[PDB]
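Listed next as structure tokens: two forms of one protein chain, kept apart as structure 1 and structure 2.
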Structure 1
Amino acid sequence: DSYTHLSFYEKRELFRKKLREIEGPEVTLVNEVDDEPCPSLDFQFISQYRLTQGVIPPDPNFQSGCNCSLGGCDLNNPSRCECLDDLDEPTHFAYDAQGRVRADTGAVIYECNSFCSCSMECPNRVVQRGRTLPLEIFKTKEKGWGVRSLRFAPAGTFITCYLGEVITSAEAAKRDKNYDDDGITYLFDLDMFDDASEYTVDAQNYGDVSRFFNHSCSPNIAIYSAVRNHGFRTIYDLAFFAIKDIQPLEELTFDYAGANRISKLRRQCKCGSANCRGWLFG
């Protein structure tokens, strides 16, 4: 398997080159557990969803904007901003003066759009401003590859989005037939507002840093469904935030359950939590 023709120092050095080619905060690779040089070299880091055949993209004709106070929306005037039309009073932006998701924010974040009259510095464009923390892909003890932040991250800090190939329910069926006995899957259902378009995000071939997030039964980050196209919601952003205070070099983990050979891989859980459920889905 793999590319057994380049040796350790070359394979690893090609991955570091692959990370340095990512725009934004630095992403690193370290391994002090064993001798594996890096994750797969056929993986591609993307800054935006990778659509496929059969997927109806988000139609911009259903997309609206706001007025607000040409520059930056005012955090203390949530009723004026048309982007917050949804949800029940008291209407408030999902973010506080510190740019972190409020503790009373729900599972749905409503951000501004390209239609809005903001200068991109709007406080309601957190996700769209991408990753802000420098991350590190490291090798774990009993799991495969993991991720950990290098700087302290308060509760509510945005980490990054979960990206990958957006595929249809049919497409996912024929990929399952390829997963071997010990295959590793990277799926994430996109089902929170509709169930007709049963789309899914697969990170096996294309994805973001978040592909390496490990499961934990007592996680420290959660998924907030961020929405820009307020019309069609068959596709939306999967935005990770901190639900606890996270210290440097602390492993980032979430719960693989916020709502065929896949469900017959599972494997055993090893998050070291006193409240561990004992099982896992790849």
Structure 2
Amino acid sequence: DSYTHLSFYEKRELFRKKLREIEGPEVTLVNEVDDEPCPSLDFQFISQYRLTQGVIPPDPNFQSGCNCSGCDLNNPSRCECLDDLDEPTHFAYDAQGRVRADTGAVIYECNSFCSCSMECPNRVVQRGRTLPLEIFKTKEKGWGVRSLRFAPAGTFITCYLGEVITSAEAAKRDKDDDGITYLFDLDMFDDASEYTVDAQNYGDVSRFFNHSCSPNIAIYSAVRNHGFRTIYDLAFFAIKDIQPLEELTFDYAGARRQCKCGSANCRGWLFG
């Protein structure tokens, strides 16, 4: 540990001040379990993807918007952002701003080219986190995140951010090794599965989400670009009613040694 001249107090205070700099609902850090002061002080919180070399970004000349004069939820036919969806065409969100039960794994939101305001109903992911979260130390896993408010099914939590890297860099970082990884493959679309999100040095609070074989949140691919399927938002949505102080977990598979989730249907392997 290169931070050995800092005290448990100052390191925790420094990480706390790092949390306070995050824009949006507050994020808190508690540790009533062991003596570790905080996660890595070198970690940087970000609000958007951290592209690296070799990662081709979407071309703005291929981008299209909708002509919705924001969009109307009771008339999804007029909006052109939902053309990739089969009939019955509908937005991914209901009147309460939550993802619908019948919505698939791909969410088509509006973008900066639409004639839309920032409070369009199809910009839930873009507006960002609304739930105050708390980072805490768990029993047998590392750090974890729990919600401080009730999160009914369909509530948007946050996105999995970090560096976007190529397959060669992902293998080069596939490994130090201690059973801890922050790599998240962008593999929602098999026709273009090339990049990986690395939350080691840059990332979101979702970087502390743990795995569970009976998860309460799940990933949705929030796509605001045209046909670009190599980079998209990894949006976490609650698939179960999450009560306050309940740990937020998702299936790393997507549906170190053994899994400590403690579910009655634990497969025993994280596979990630």
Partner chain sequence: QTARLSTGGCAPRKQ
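The first residue in the sequence of structure 1 is number 1, and each one after it adds one. So that the term is clear: the rigid core is the largest set of C-alpha atoms that superpose within 1.5 Å between two forms.
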query: The same chain appears twice here, once per structure, so which copy is the form deposited without the partner chain?
result: 1
- prompt: Fit the core first: which of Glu121, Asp85, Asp104, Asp195 then shifts its CA by 2 Å or more between the two structures?
  reply: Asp195
- request: Using the rigid core as the frame, report the C-alpha movement of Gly231 between the two structures, one decimal, in Å.
  value: 2.6
statement: Here the CA of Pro60, compared between the two structures on the core, is shifted in angstrom by 1.1
message: Keeping the rigid core superposed, can you check how far the CA atom of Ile221 moves between the two structures, in angstrom?
response: 0.3
